[PDB]
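Peer 1: Output the structure for:
(6 chains)
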Amino acid sequence: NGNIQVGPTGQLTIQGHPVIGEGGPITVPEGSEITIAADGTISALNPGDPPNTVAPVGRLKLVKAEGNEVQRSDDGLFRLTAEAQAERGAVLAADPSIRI
Amino acid sequence: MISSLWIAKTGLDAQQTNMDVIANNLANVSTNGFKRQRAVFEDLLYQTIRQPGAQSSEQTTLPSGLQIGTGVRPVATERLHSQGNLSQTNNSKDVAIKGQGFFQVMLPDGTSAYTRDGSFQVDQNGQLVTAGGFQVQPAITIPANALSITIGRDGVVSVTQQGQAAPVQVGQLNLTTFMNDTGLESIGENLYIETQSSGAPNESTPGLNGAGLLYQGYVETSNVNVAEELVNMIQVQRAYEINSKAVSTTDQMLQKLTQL
Amino acid sequence: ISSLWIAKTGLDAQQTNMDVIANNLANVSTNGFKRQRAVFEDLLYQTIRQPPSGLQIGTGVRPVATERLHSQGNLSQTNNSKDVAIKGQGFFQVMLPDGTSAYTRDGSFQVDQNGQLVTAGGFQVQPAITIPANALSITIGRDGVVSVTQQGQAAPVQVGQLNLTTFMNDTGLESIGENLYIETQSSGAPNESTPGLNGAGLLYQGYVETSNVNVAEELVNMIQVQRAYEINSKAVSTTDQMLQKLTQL
Amino acid sequence: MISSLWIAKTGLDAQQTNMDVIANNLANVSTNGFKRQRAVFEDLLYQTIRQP
Amino acid sequence: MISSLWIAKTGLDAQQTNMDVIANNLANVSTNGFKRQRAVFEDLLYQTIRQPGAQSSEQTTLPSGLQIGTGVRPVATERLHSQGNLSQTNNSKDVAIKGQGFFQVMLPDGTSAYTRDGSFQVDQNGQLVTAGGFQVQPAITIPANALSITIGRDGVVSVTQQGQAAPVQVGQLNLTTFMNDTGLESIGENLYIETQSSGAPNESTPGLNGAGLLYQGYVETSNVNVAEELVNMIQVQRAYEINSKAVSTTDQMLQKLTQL
Amino acid sequence: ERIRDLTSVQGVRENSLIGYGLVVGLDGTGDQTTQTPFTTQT
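Peer 2: Numbers count the residues shown, from 1 in each chain, chains lettered A, B, ... in the order given. Sure, structure below:
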């Protein structure tokens, strides 16, 4: 689900229980005007500033894992099958090839 | 309804304003001192969909993002304050203006307006009034017996009496200049009023302080270039044609959407 | 279903294209308007792994950009001494009420009650040029030296300079309305310069630039937009009937 | 609108100014010391598509 | 969309550019030195489907393969550099050119431009400028005590002084020739500039080295054959009508398709 | 601080020399002889 949302305090939350990218939870400035780049980099703009002030504020981590190594976990959230963990570890790598 | 229909609405309304201005110019040929008007247009909001900044990769830049944009809101109507052409009225009372300046006039409310129309008269009291009875400023009361009226290029108006063979000056007729003539708010009657875009009115004798000269026996014609108007009017008809075709295309699209 | 969403993206693309066409054609007779062309782009493709070792289904016709054609337009003779047009590249800088700067290619200039050169709405051009009170006539040379004549002083007193700016990427400027663009991260810094040097264009007085909208192109694009919209709507209808027949059983 | 119409508009304006000059000269015969007037024309921009 | 609609678009664009060129020639009658233009067209891609070789049997050859093709891209516009008809302007400061050649002029930018006009003036300093203050090259300076300007057909410009009964020589006015005159890049102001298709200029005195002669008191007119332009205008209007008719036929074909 | 760094000798002194010359080559970008008569004359 990519229906991302921003809370009033600047917290980027695919439906609450928020998102993870390059660190802990992703947090963005309150005056959002957020855009998500092709490979995930999250850039922001205060609505009342010149457009040449859009430096990136975060990164949206993306993961490659498919089918036999992914398992539903009683929520809308999947995890690793406990068989793809004597493998690529508990917290997966960012796979710099997944596009948005 | 559909984003295209509002945009085409704006196009039609703007072209209609063009036709309105053109028709007002066209009708006021043979209006002395009339000044051409021309509409200045302006695009409306641009709905930003992707920011033209908004870095696309970790290195790239996304040049020229998406923005749609609507509207052609007409923003202003400039008035061309160039020197119109003169014409021989052979009327002792009609005066044209050589260059900048305006005639000040006192309205019935006591406020003052400004006119570039030399079609003057004299009422039953001997005051110069302008085709509508508006008593000009400064007051000029022609004596009852006066035979001849003359108005010099410097504006000193002087009458000739019976027997008394000395052209005794009877008054001084001076002009008023604004440092932005375009900003005056016309109120009909060939009369403009002061607004806080025009600037304070500076009164001066003709010829001095940049004001124009006075030409008695002439009237200044409207500076309407008729050929420009005809070609502009062809342009406006074809632009309205195009925008109507846009409305029709949107209508047909919305048809086969409903029929779906 | 799947085809429904694919054809919906098709409908969205044709609708966006028609919005661009309508904005182009409405803004004919806008001085200095630059016509837009929308560049479309297909979405992700879906792979089917065969036990060439894979085929792609695909979806979507996403609009990826709209670029402005920054080409020289024709000239319209306005018979006004304040209006100017530009031969070549460059924009006039104006100072917004906030304080920052925008750039316009529209030469419909005026003067306010203080003598400043403002642009059809009261935004002061840069650098400030104040026409004196009783200037009999204003002249704006081809390099932008604006001067006026006085009441007998037999030489035009110099009043100011009409600078322009050139950008590395003109198509990247973000337009905000009022025929004003604003500097972005993709336009680069504004390289201020005098007309005639450093790539900036010359100035013409008494002429105003026209919108470079080619109504022939826009009319044929309407033909294409309408027909493509109807074709996509037919695809939508066919998918709907297919799903009907599916749910009958 | 159309580039043809703008070019032709400028042409009409130029011919109009020429006729204005001719009419002013024509009216000002028998005017002492008057000097004839001659209008010099000059084409506007050339919008390049393929550079020479 | 449809392979036909794009082709018809190209045809419409080609005819519109043709009319642009015709209108520019037509409006620039009565412009001295102007050279008539003519647009040259050029067909676009051909989409090969069956190769014209590609034998069908071991004996046959399949002549005249299938090729559909697109587009009418306007490849160029040539400028006709032919002698204009001289007109007897009788003006001492006007000089025409008989034959090849150009006048070199210093643009304010320090670059050199070239014009085929003789409507020269003399500014307050006595320099020879060209209808817009562009100082011609070599620098020609009329002394204050001169009365009449004379320019020989060999370019020798000399003045007559008061009291002195002698035609003292004051300068030499030599032409510039290019070996591809058509390749000059026009920039308005009746001026062209050098490009690397025209080649480097060759500066030489009039008459010598293939240049033309100077006819004082003359002006070179525009070589725009008016009747040709009128008939071209008829032809272009009809061609545009027909290409739009092709667009209409394609549109009706599409409409009958979508109705299905 | 050294005496040389803050003092100068009476007899030791520099002089200024000026001259006019021409530079050749330049791959173009040279003087415009039309506006620079002295270059061609020299």
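Peer 1: C-alpha only now, for contacts and for neighbours.
Peer 2: Fine.
Peer 1: SS state for the residue positioned nearest the centre of chain F?
Peer 2: For chain F, the residue sitting closest to the mean C-alpha position, by Cα atoms, centre = their mean, is residue F:18 at 5.6 Å. Following DSSP: H, G, I helix; E, B strand; the rest coil, we place residue F:18 in the coil state.
Peer 1: just residue B:250 next, same as before
Peer 2: Applying three-state DSSP: residue B:250 is helix.
Peer 1: what sits against the residue at the greatest distance from the centre of chain B?
Peer 2: Distance from the C-alpha centroid of chain B, by Cα atoms, centre = their mean, peaks at residue B:58 (55.9 Å). Contacts for residue B:58 (Cα atoms under 8 Å, 6 or more residues apart in numbering or on different chains) come out as A:39, A:41.
Peer 1: That one and residue B:64, how far apart?
Peer 2: Distance, residue B:58 to residue B:64, by Cα to Cα, to the nearest Å: 18 Å.
Peer 1: same deal with residue B:5?
Peer 2: Residue B:5 is 25 Å from residue B:64, by Cα to Cα.
Peer 1: and those two? which has more neighbours close in?
Peer 2: Neighbour totals were compared for residue B:5 and residue B:64, and residue B:64 leads with 25 against 20 (other Cα atoms under 10 Å in any protein chain shown).
Peer 1: quick one: that one and residue B:54 touch, right?
Peer 2: No: in this structure, residue B:64 is not within contact of residue B:54 by Cα atoms under 8 Å, at 10.1 Å.
Peer 1: Count the residues that sit near residue F:14.
Peer 2: For residue F:14, using other Cα under 10 Å, the count is 6.
Peer 1: Which part of the stretch 1-150 of chain B gets nearest to chain E, residue-wise?
Peer 2: Closest contact between the stretch 1-150 of chain B and chain E, by Cα to the nearest Cα, is at residue B:4 (21.0 Å).
Peer 1: Could you report the neighbour count for residue A:100?
Peer 2: Residues near residue A:100, counting by other Cα under 10 Å, number 13.
Peer 1: doesn't residue A:42 make contact with it?
Peer 2: No: if you go by Cα under 8 Å, residue A:100 and residue A:42 don't touch, sitting 11.2 Å apart.
Peer 1: For the nearest residue to residue A:56 once chain neighbours are set aside, which residues are in contact?
Peer 2: Ranked by Cα to Cα, 6 or more residues apart in numbering or on different chains and with sequence neighbours excluded, the top spatial neighbour of residue A:56 is residue A:43, at 4.0 Å. Residues in contact with residue A:43 (Cα under 8 Å, 6+ apart) are A:34, A:35, A:36, A:37, A:54, A:55, A:56, A:57, A:58, B:54, B:55.
Peer 1: Kindly report the same for residue B:117.
Peer 2: B:32, B:33, B:95, B:96, B:103, B:190, B:219, B:220.
Peer 1: What of residue B:32?
Peer 2: Contacts of residue B:32 by Cα under 8 Å, 6+ apart are B:116, B:117, B:118, B:219, B:220, B:221, B:222.
Peer 1: Pull out the buried residues from those residues.
Peer 2: Among the contacts of residue B:32, those that count as buried by neighbour count (16 or more other Cα atoms under 10 Å in any protein chain shown) are B:116, B:117, B:118, B:219, B:220, B:221, B:222.
Peer 1: can I get these in CSV with secondary structure?
Peer 2: Output for the buried ones among the contacts of residue B:32, formatted as CSV (three-state DSSP):
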residue, secondary structure
B:116, coil
B:117, coil
B:118, coil
B:219, strand
B:220, strand
B:221, coil
B:222, coil
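Peer 1: Can you pick out the most distant pair from those?
Peer 2: Pairwise distances across the buried ones among the contacts of residue B:32 peak at 12.4 Å for B:118 and B:222 (criterion: Cα to Cα).
Peer 1: Run through the residues of chain A sitting next to chain C.
Peer 2: Remark: the part of chain A in contact with chain C comprises A:50, A:51, A:52, A:53, A:54, using Cα under 8 Å from any Cα of the partner chain.
Peer 1: Taking the residues you listed, please make a PyMOL selection of just the buried ones.
Peer 2: Per 16+ other Cα under 10 Å, the buried members of the residues of chain A next to chain C correspond to this PyMOL selection:
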select buried, chain A and resi 51+52+54
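Peer 1: Please list all residues in contact with the residue positioned nearest the centre of chain B.
Peer 2: Chain B has residue B:79 as the residue nearest its centroid, 3.8 Å off, counting by Cα atoms, centre = their mean. Residues in contact with residue B:79 (Cα under 8 Å, 6+ apart) are B:35, B:36, B:37, B:38, B:182.
Peer 1: I figured residue B:172 was touching residue B:159, is that so?
Peer 2: No: contact criterion Cα under 8 Å: residue B:172 and residue B:159 do not qualify, at 11.8 Å.
Peer 1: how about the CA coordinates for stretch A:46-53, as CSV?
Peer 2: The C-alpha atoms that make up stretch A:46-53 are tabulated as CSV, following Å, rounded to 0.1, in the frame of the first residue of the first chain:
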residue,chain,number,x,y,z
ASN,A,46,7.8,24.7,2.7
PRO,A,47,4.7,26.1,0.9
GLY,A,48,5.9,29.7,1.3
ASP,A,49,9.5,29.6,0.2
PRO,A,50,11.2,29.9,-3.2
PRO,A,51,11.0,26.7,-5.3
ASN,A,52,14.8,26.3,-5.3
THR,A,53,14.8,25.1,-1.7
